[PDB]
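Colleague: Here you go, this is structure_0.cif (mmCIF, N, CA and C atoms and all ligand atoms).
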```cif
data_target
#
loop_
_atom_site.group_PDB
_atom_site.id
_atom_site.type_symbol
_atom_site.label_atom_id
_atom_site.label_comp_id
_atom_site.auth_asym_id
_atom_site.auth_seq_id
_atom_site.Cartn_x
_atom_site.Cartn_y
_atom_site.Cartn_z
ATOM 1 N N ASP D 1 15.849 -10.239 4.658
ATOM 2 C CA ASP D 1 15.529 -11.172 5.732
ATOM 3 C C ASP D 1 14.372 -12.083 5.335
ATOM 4 N N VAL D 2 14.208 -13.176 6.071
ATOM 5 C CA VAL D 2 13.138 -14.129 5.798
ATOM 6 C C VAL D 2 13.311 -14.767 4.423
ATOM 7 N N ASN D 3 12.935 -16.037 4.315
ATOM 8 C CA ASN D 3 13.047 -16.764 3.055
ATOM 9 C C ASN D 3 11.670 -17.141 2.519
ATOM 10 N N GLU D 4 11.651 -17.862 1.403
ATOM 11 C CA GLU D 4 10.400 -18.286 0.788
ATOM 12 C C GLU D 4 10.225 -19.797 0.898
ATOM 13 N N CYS D 5 11.335 -20.524 0.829
ATOM 14 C CA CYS D 5 11.304 -21.979 0.920
ATOM 15 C C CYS D 5 11.677 -22.446 2.323
ATOM 16 N N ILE D 6 10.689 -22.479 3.214
ATOM 17 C CA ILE D 6 10.915 -22.908 4.588
ATOM 18 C C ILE D 6 10.416 -24.330 4.810
ATOM 19 N N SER D 7 9.103 -24.505 4.730
ATOM 20 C CA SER D 7 8.491 -25.812 4.920
ATOM 21 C C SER D 7 7.955 -26.361 3.600
ATOM 22 N N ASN D 8 8.834 -26.457 2.606
ATOM 23 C CA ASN D 8 8.453 -26.966 1.294
ATOM 24 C C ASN D 8 7.304 -26.148 0.705
ATOM 25 N N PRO D 9 7.623 -25.091 -0.063
ATOM 26 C CA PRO D 9 6.607 -24.232 -0.681
ATOM 27 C C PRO D 9 5.703 -25.002 -1.638
ATOM 28 N N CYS D 10 6.263 -26.015 -2.289
ATOM 29 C CA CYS D 10 5.503 -26.827 -3.231
ATOM 30 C C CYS D 10 4.330 -27.509 -2.533
ATOM 31 N N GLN D 11 3.292 -27.830 -3.301
ATOM 32 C CA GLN D 11 2.108 -28.479 -2.750
ATOM 33 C C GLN D 11 1.820 -29.799 -3.462
ATOM 34 N N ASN D 12 2.872 -30.475 -3.906
ATOM 35 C CA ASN D 12 2.715 -31.748 -4.601
ATOM 36 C C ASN D 12 3.916 -32.665 -4.375
ATOM 37 N N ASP D 13 4.680 -32.395 -3.319
ATOM 38 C CA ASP D 13 5.855 -33.201 -2.998
ATOM 39 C C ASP D 13 6.961 -32.957 -4.017
ATOM 40 N N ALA D 14 7.162 -31.689 -4.353
ATOM 41 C CA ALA D 14 8.177 -31.305 -5.319
ATOM 42 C C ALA D 14 9.496 -30.966 -4.630
ATOM 43 N N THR D 15 10.568 -30.905 -5.413
ATOM 44 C CA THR D 15 11.889 -30.592 -4.878
ATOM 45 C C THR D 15 12.138 -29.086 -4.899
ATOM 46 N N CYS D 16 12.588 -28.552 -3.768
ATOM 47 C CA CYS D 16 12.867 -27.125 -3.655
ATOM 48 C C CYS D 16 14.352 -26.843 -3.855
ATOM 49 N N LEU D 17 14.653 -25.856 -4.694
ATOM 50 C CA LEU D 17 16.037 -25.485 -4.973
ATOM 51 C C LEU D 17 16.292 -24.025 -4.608
ATOM 52 N N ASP D 18 17.458 -23.518 -4.998
ATOM 53 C CA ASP D 18 17.823 -22.136 -4.711
ATOM 54 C C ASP D 18 17.560 -21.242 -5.919
ATOM 55 N N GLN D 19 17.181 -19.996 -5.655
ATOM 56 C CA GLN D 19 16.899 -19.041 -6.720
ATOM 57 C C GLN D 19 17.299 -17.629 -6.303
ATOM 58 N N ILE D 20 17.071 -16.668 -7.193
ATOM 59 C CA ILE D 20 17.406 -15.279 -6.920
ATOM 60 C C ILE D 20 16.238 -14.552 -6.262
ATOM 61 N N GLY D 21 16.303 -14.415 -4.942
ATOM 62 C CA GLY D 21 15.245 -13.740 -4.213
ATOM 63 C C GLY D 21 13.890 -14.395 -4.408
ATOM 64 N N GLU D 22 13.898 -15.666 -4.800
ATOM 65 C CA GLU D 22 12.660 -16.406 -5.020
ATOM 66 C C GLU D 22 12.842 -17.882 -4.687
ATOM 67 N N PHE D 23 11.778 -18.659 -4.863
ATOM 68 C CA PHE D 23 11.821 -20.087 -4.581
ATOM 69 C C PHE D 23 11.885 -20.898 -5.870
ATOM 70 N N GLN D 24 12.383 -22.126 -5.766
ATOM 71 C CA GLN D 24 12.498 -23.005 -6.925
ATOM 72 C C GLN D 24 11.730 -24.304 -6.699
ATOM 73 N N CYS D 25 10.448 -24.294 -7.049
ATOM 74 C CA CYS D 25 9.601 -25.469 -6.885
ATOM 75 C C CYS D 25 9.641 -26.347 -8.133
ATOM 76 N N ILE D 26 10.298 -27.498 -8.021
ATOM 77 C CA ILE D 26 10.409 -28.426 -9.140
ATOM 78 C C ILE D 26 9.265 -29.434 -9.133
ATOM 79 N N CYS D 27 8.224 -29.145 -9.905
ATOM 80 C CA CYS D 27 7.064 -30.021 -9.989
ATOM 81 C C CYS D 27 7.398 -31.306 -10.740
ATOM 82 N N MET D 28 6.434 -32.220 -10.790
ATOM 83 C CA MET D 28 6.618 -33.493 -11.477
ATOM 84 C C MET D 28 6.680 -33.292 -12.989
ATOM 85 N N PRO D 29 7.020 -34.353 -13.743
ATOM 86 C CA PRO D 29 7.112 -34.284 -15.203
ATOM 87 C C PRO D 29 5.742 -34.278 -15.871
ATOM 88 N N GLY D 30 5.297 -33.096 -16.285
ATOM 89 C CA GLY D 30 4.005 -32.975 -16.932
ATOM 90 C C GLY D 30 2.951 -32.385 -16.016
ATOM 91 N N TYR D 31 3.391 -31.590 -15.045
ATOM 92 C CA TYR D 31 2.477 -30.962 -14.096
ATOM 93 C C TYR D 31 2.286 -29.486 -14.423
ATOM 94 N N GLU D 32 1.546 -28.787 -13.569
ATOM 95 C CA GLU D 32 1.286 -27.365 -13.766
ATOM 96 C C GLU D 32 1.195 -26.639 -12.428
ATOM 97 N N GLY D 33 0.989 -25.327 -12.485
ATOM 98 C CA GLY D 33 0.888 -24.538 -11.271
ATOM 99 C C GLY D 33 2.194 -23.864 -10.906
ATOM 100 N N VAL D 34 2.127 -22.903 -9.990
ATOM 101 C CA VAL D 34 3.316 -22.180 -9.554
ATOM 102 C C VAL D 34 3.974 -22.871 -8.364
ATOM 103 N N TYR D 35 3.155 -23.300 -7.409
ATOM 104 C CA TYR D 35 3.656 -23.977 -6.219
ATOM 105 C C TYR D 35 3.473 -25.488 -6.333
ATOM 106 N N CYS D 36 3.482 -25.991 -7.565
ATOM 107 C CA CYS D 36 3.316 -27.420 -7.811
ATOM 108 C C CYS D 36 2.062 -27.950 -7.123
ATOM 109 N N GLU D 37 0.912 -27.737 -7.754
ATOM 110 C CA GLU D 37 -0.357 -28.192 -7.203
ATOM 111 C C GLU D 37 -1.370 -28.456 -8.312
ATOM 112 N N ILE D 38 -1.445 -27.539 -9.271
ATOM 113 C CA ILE D 38 -2.372 -27.673 -10.387
ATOM 114 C C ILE D 38 -1.727 -28.419 -11.550
HETATM 115 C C1 LIG D 101 13.369 -33.462 -6.617
HETATM 116 O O1 LIG D 101 12.601 -33.225 -7.799
HETATM 117 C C2 LIG D 101 11.217 -33.582 -7.628
HETATM 118 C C3 LIG D 101 10.492 -33.189 -8.900
HETATM 119 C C4 LIG D 101 11.094 -35.071 -7.318
HETATM 120 O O2 LIG D 101 11.566 -35.829 -8.423
HETATM 121 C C5 LIG D 101 11.906 -35.413 -6.075
HETATM 122 O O3 LIG D 101 11.883 -36.837 -5.857
HETATM 123 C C6 LIG D 101 11.011 -37.289 -4.881
HETATM 124 O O4 LIG D 101 11.366 -36.663 -3.646
HETATM 125 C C7 LIG D 101 10.486 -37.042 -2.572
HETATM 126 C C8 LIG D 101 10.899 -36.242 -1.352
HETATM 127 O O5 LIG D 101 9.779 -35.621 -0.741
HETATM 128 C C9 LIG D 101 10.565 -38.547 -2.336
HETATM 129 O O6 LIG D 101 9.650 -38.917 -1.315
HETATM 130 C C10 LIG D 101 10.230 -39.297 -3.618
HETATM 131 O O7 LIG D 101 10.433 -40.690 -3.424
HETATM 132 C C11 LIG D 101 11.117 -38.805 -4.755
HETATM 133 N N1 LIG D 101 10.715 -39.432 -5.999
HETATM 134 C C12 LIG D 101 11.336 -40.529 -6.421
HETATM 135 C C13 LIG D 101 10.734 -41.253 -7.614
HETATM 136 O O8 LIG D 101 12.355 -40.966 -5.888
HETATM 137 C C14 LIG D 101 13.345 -34.945 -6.257
HETATM 138 O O9 LIG D 101 14.073 -35.157 -5.057
#
```
Could you write out this file's structure as structure tokens?

Modeller:
Amino acid sequence: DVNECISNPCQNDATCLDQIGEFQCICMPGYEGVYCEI
């Protein structure tokens, strides 16, 4: 139950996709971080 990608998990205006029991935060080209922020 419950998901991970509800209100855009990313923190840099990244694209969210589908994954296996996880979230898919697609950061920009040449970025860093897990939730697209660093
Ligand atoms: C999904 O992948 C991301 C890495 C981005 O390239 C996304 O594109 C951007 O999506 C936002 C939506 O919040 C939009 O506002 C931007 O204009 C768009 N970027 C460009 C250059 O179109 C992509 O969908």

Colleague: For chain D versus ligand LIG 101 (chain D), which residues have an atom no more than 7 Å away, and what is each residue's nearest atom pair and distance in Å rounded to one decimal, using only N, CA and C atoms and all ligand atoms, chain-then-number order, as a tab-separated table?

Modeller:
```
residue	atom	partner	partner_atom	distance
D:13	C	D:LIG101	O5	5.1
D:14	C	D:LIG101	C2	4.3
D:15	N	D:LIG101	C2	3.5
D:16	N	D:LIG101	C1	5.7
D:25	C	D:LIG101	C3	6.9
D:26	C	D:LIG101	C3	4.0
D:27	C	D:LIG101	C3	4.1
D:28	N	D:LIG101	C3	4.6
D:29	N	D:LIG101	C3	6.1
```

Colleague: Please, what distance in Å, to one decimal, runs between atom C of residue 33 in chain D and CA of residue 9 in chain D?

Modeller: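 Atom-to-atom, atom C of residue 33 in chain D to CA of residue 9 in chain D, that is 11.1 Å.
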
Colleague: I'd like the contact shell of range 3-7 of chain D - 7 Å cut-off, only N, CA and C atoms, skipping same-chain residues fewer than 5 positions apart - returned as a PyMOL selection string.

Modeller: chain D and resi 22-24

Colleague: I want to know what sits within 6 Å of residue 35 in chain D, based on only N, CA and C atoms, with residues of the same chain fewer than 3 positions away left out; could you give that as number ranges by chain?

Modeller: D: 9-12

Colleague: What are the centre and edge lengths in Å, to one decimal, of the axis-aligned box around all listed atoms of range 2-5 of chain D with 6 Å added on each side, as AutoDock Vina command-line options?

Modeller:
```
--center_x 12.2 --center_y -17.8 --center_z 3.4 --size_x 16.0 --size_y 21.3 --size_z 17.3
```

Colleague: Any chance you could list, as number ranges by chain, the residues in chain D that come up strand (DSSP E or B) when DSSP is run on the backbone?

Modeller: D: 15-18, 23-26

Colleague: What is the distance between atom N of residue 34 in chain D and CA of residue 8 in chain D, in Å to one decimal?

Modeller: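 These atoms are spaced 13.6 Å apart.
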